[PDB]
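Start at 1 with the first residue, then count along the sequence. Atoms considered below: every heavy atom in the structure, side chains included; atoms not considered: hydrogens, waters and symmetry mates.
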Amino acid sequence: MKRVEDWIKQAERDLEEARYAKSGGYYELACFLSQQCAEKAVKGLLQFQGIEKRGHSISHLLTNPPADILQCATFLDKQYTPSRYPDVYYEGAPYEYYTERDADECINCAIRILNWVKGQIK
């Protein structure tokens with residue numbers, strides 16, 4: 001069991017670890033941890049709203065969110081999975097093909113979703 005504040009602490013710690021992973025050059029990790037951040041924040045919001053849905057797609061968890069939030073949820077939903085769906089997985093060892101720009105786009109979308117959720121919990 002978790003309280004709303006636990007979902008938000010999990011998301012704040014996932015963001016801190018994503019930045020830490022980018023500092024170490026671990027860009028695929030920073031992208032995974034950014035998707036974890038967003039997913040935990042949106043589950044925190046759904047609990048606060050008493051509005052239960054399931055799955056790990058951040059986009060399917062939202063209901064009529066702003067355009068920028070849906071764009072970042074769709075973007076983050078592509079991060080680790082997807083055996084072959086959301087398909088665009090890399091061939092070979094994935095980490096070798098991520099870049100510092102991907103880490104920045106993933107971290108910043110996690111920050112956009114985490115702040116948008118915080119704004120709504122009151």
Heavy-atom check, side chain of [X] versus side chain of [Y], under 4.5 Å:
X    : Y    : answer
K53  : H60  : no
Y27  : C106 : no
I113 : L76  : yes
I111 : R19  : yes
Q120 : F48  : no

Taking a hydrophobic cluster as the set of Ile, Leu, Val, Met, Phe, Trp and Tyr residues connected by side-chain heavy atoms closer than 4.5 Å, whether directly or through intermediates, do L46 and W116 fall within one such cluster? yes
Membership question, hydrophobic clusters at under 4.5 Å side-chain separation (ILVMFWY): are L33 and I107 in the same one? no
[atom1]-[atom2] distance between [X] and [Y], expressed to the nearest 0.5 angstrom:
X    : Y    : atom1 : atom2 : answer
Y95  : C31  : OH    : SG    : 16.0 Å
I69  : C109 : CD1   : SG    : 8.0 Å
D102 : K22  : CG    : NZ    : 11.0 Å
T63  : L45  : OG1   : CG    : 9.0 Å

Which residue pairs pass the side-chain hydrogen bond (donor to acceptor under 3.5 Å, both in side chains) test when at least one of the two sits in residues 7-17, sequence neighbours left out? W7-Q47, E12-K118
Give me each pair satisfying side-chain hydrogen bond (donor to acceptor under 3.5 Å, both in side chains) with a member in residues 71-94, each pair once, sequence neighbours excluded. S57-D77
Between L70 and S59, does the side-chain contact (heavy atoms from CB on, under 4.5 Å) criterion hold? Intermediate values first, please. CA-CA 6 Å; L70 191 61; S59 187; 3.3 Å; yes
Closest approach of [X] and [Y], non-hydrogen atoms and distance?
X   : Y    : answer
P86 : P82  : N-CB, 3.3 Å
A30 : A103 : CB-CB, 3.9 Å
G44 : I8   : CA-CD1, 4.4 Å

Keeping the roles fixed (side chain from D6, backbone from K2), state whether a donor-acceptor pair exists under 3.5 Å. no
Contacts of type side-chain contact (heavy atoms from CB on, under 4.5 Å), residue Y26, not counting sequence neighbours: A21, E28, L29
